[PDB]
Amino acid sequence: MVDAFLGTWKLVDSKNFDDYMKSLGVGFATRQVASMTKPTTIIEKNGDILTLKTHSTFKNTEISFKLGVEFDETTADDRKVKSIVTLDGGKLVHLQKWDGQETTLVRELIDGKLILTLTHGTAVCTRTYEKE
C-alpha cells in the first residue's frame, strides 16, 4: 500500500527549507551547507517494516519502522524525538514529537515526483524528489 513510494529518489527542488531549519533552531553554518546539499532518499520495505535512508555529502540518516507503531528517532539535526509514520489519504505522514513540539514530514506522489512537505511552527517547506 506504500509500494509506489519505494525506490531511490534524488532532490530536484527545494522551497523554504531555510525557514524550516531556522524554525527547528538549526545554526546558520549547518543551514548554509544544507541549502546546497542534494540528498538521495532510499525507501525499502521488508514485510511491514520500512527503512528510509537519507544520504548526502553532509549528513546521513536511516530509520526503520512499522507503519502505525511509534519509534524513537534521532534526527539529522540531533533532535531526540518520538515518531510515528502512517498512510493517510495515500500520503506517507511522519510525525515527530519532542518537548511538546511537533513537526510533520508528509510525502505524496504527484505526476511521478515525490513531494515532501515539512511543517514546523509556521514554516512550510516543499522539497521535490525524482526517481532514480
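Sequential numbering from 1, following the sequence displayed.
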Comparing 106-114 with 8-16, the one whose average Cα B-factor in the PDB entry is higher: 106-114
Quick check on the record: does 74-82 or 46-54 carry the larger mean Cα temperature factor? 46-54
If you check the C-alpha B-factor for each of 64, 61, 41, 101 in the entry, which is highest? 101
Split the chain's modelled residues into thirds by Cα B-factor; residue 23 lands in the middle
